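Residue numbers (the authors' numbering), protein chains in the order written: chain C, 43 to 150, 160 to 221; chain A, 43 to 150, 160 to 218; chain B, 651 to 846.
Taking it in order: structure first as structure tokens, then the write-up.
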């Protein structure tokens, strides 16, 4: 009796908990509309098919009158990559993903090597808001395709380590 | 007894399902933060002090070897913007907002003019997967930022209609 | 109106024929000059690039109609259409040439609409009325509920799974049209000499 009533109350509470969770798993995909991944596409390649990049044009930005130079620029990149296809050399030039957050799929083939956000930044007048970084090859920034190191003098022979951990760098 | 045990098993199964939904929600949290809203940002130059774009780089050799000219391009775009003055060319038409989907406000009052993203397009090198359209004033789509109309000849002189109201 | 950029791949059917898929070129709120029987609502004209027939272009003054037939290769031209004829809005924006007005670039546009159809064999994703536009008007929820209900029981029907459904559909359409014809003929015959 009392135990049965307690069990029924617990079951009702659990169902309500799921409702809250059911409600969130319904109101999230609403804001997630921006990401589309529309339907079944047929990507017979992974180095020339698939998207390039997703731009979120910002409001209250007087810099939106440039809506054409961006498009023509991102269109001339593919034709320049075609005219600069390669100086044919055998190299894998493979890359992995630091952050696996792929765009959602509301489509009721490939979905891993494509439709995967690799980097997202939020440009400012001078700032940036990177949180995912460029993917690396063998943890060495000296041969990657995107990174580019500035020039500097570097006369600071021998680091200051912590407590008794002097390391003879050179 | 047996009925009580079955009820307990059903309750446990329901709890396990609840846990899975909670884990899925915690996962989808990641996706609902790439929008980003660090905190309340101090801005003064309303509509001139704030983000300009938000590029989401995608897995493709073009978007991970040609990266640096994209950054120099956004840079040269932000610099070339400040060499016009003594003009009213910013909106010039009272360009009210289209119907946006505002980025979630992360808390970690004021600023009702907030980000309110106003578009998104996917490039596949032979088309464009647009959404959210593009802002423009009440009418007259030739006095707004954007909308570069091509040149056509308009050889026809009789508009199609359902019945009547012919040109 | 904010969804009418050049390349939107609209569809047009003014109850007579299918033109196909075509890219939008321009649009305007041009009102009725010299309004016949007055004017109280504004109309909009969309200048959109369809695929017309050779016979339609050779005169190009009678009705601006009769798109090309599957037995002819046809030629594409920009045609003005009414706003209330757009039976489908897509979510794809083919790139448009610069300054145009020849033949070859329109042929490339034809080629482009031809590969893009070779990428969504299921069907081009057009739009979602609930979210993409941003409608917050009371009542549309009722109609979407009703459409979801009707299609739910539709597929929930066994006949749907059964084959030869199309043949029976055509038969029923034919007999319904015969019934309509007989109704109209009896309506006319009910006035052969009736208080004329």
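By construction, the Cβ of each residue, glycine as well, lies at the ideal position given by its N, Cα and C atoms.
Query raised in the report: For residue 203 of chain A and chain B, any beta-carbon pair shorter than 8 Å?
Result: yes
Report task. Throw me the rounded Cβ distance for the residue 149 of chain C and residue 110 of chain A pair, which I believe falls under 8 Å. Result -> Their Cβ separation, rounded to whole angstroms, is 34 Å, which puts residue 149 of chain C and residue 110 of chain A out of contact at 8 Å.
Query raised in the report: With a cut-off of 8 Å, does the C-beta of residue 196 of chain A fall near any C-beta of chain B?
Result: no
Report task. For residue 676 of chain B, write down the residues that DSSP places opposite it in a beta bridge. Result -> B:697
Report task. If I'm right that residue 170 of chain A touches residue 185 of chain A with Cβ under 8 Å, what's the distance once you round it to whole angstroms? Result -> 6 Å
Requested in this report: Using a Cβ-Cβ cut-off of 8 Å, state whether residue 82 of chain C counts as contacting chain A.
Outcome: no
Query - Neighbourhood of residue 671 of chain B by C-beta, 7 Å cutoff - its chain only, sequence neighbours within 5 removed - result: 659, 661, 763
Query raised in the report: What in chain B is Cβ-close to residue 179 of chain A, meaning under 8 Å?
Result: 657, 742, 743, 744, 745
Report task. Report the residue from A:143, A:105, A:188 whose alpha carbon sits nearest the alpha carbon of residue 197 of chain C. Result -> A:105
Query raised in the report: When the cut-off is 8 Å and only beta carbons count, does residue 128 of chain A lie next to chain C?
Result: no
**Report entry** Member of B:840, B:694, B:773 whose CA lies at the smallest distance from the CA of residue 84 of chain C
**Finding:** B:773
Requested in this report: Pick helix, strand or coil for residue 100 of chain A, following the three-state DSSP scheme.
Outcome: strand
Requested in this report: Under 7 Å between beta-carbons, which chain C residues line up against residue 772 of chain B? List them in chain order, please.
Outcome: 81, 82
Query raised in the report: Under a three-way DSSP split, which group does residue 728 of chain B fall into?
Result: strand
Report task. To the nearest angstrom, report how far apart residue 102 of chain A and residue 128 of chain A are at their CA atoms. Result -> 43 Å
Query - Local conformation of residue 742 of chain B per DSSP, three classes - result: coil
Query raised in the report: According to the Cβ coordinates, are residue 98 of chain A and residue 95 of chain C closer than 8 Å?
Result: yes
Requested in this report: Taking the CB atoms as reference points, tell me whether residue 144 of chain A and residue 165 of chain A lie closer together than 8 Å.
Outcome: yes
Query raised in the report: Whose C-alpha, out of B:845, B:802, B:669, is nearest the C-alpha of residue 720 of chain B?
Result: B:669
Query raised in the report: Beta-carbon separation of residue 714 of chain B and residue 703 of chain B under 8 Å?
Result: no
Query raised in the report: Within the 8 Å Cβ cut-off, does residue 96 of chain A reach chain C?
Result: yes
Query raised in the report: On the three-pair Cβ rule with 8 Å, is the region 50-60 of chain C touching the region 115-122 of chain C?
Result: no
Query raised in the report: Does residue 72 of chain C come within less than 8 Å of chain B when only Cβ atoms are used?
Result: yes
Query raised in the report: residue 108 of chain C by DSSP, collapsed to three states: which one?
Result: helix
**Report entry** Cα-Cα separation between residue 732 of chain B and residue 665 of chain B, rounded to whole angstroms
**Finding:** 13 Å
**Report entry** Cβ-Cβ distance between residue 759 of chain B and residue 673 of chain B below 8 Å
**Finding:** yes
Requested in this report: Name the two residues that bound the continuous beta strand (DSSP E) containing residue 660 of chain B.
Outcome: 660-662
**Report entry** Buried/exposed call for residue 205 of chain A, threshold 16 Cβ in 10 Å
**Finding:** exposed
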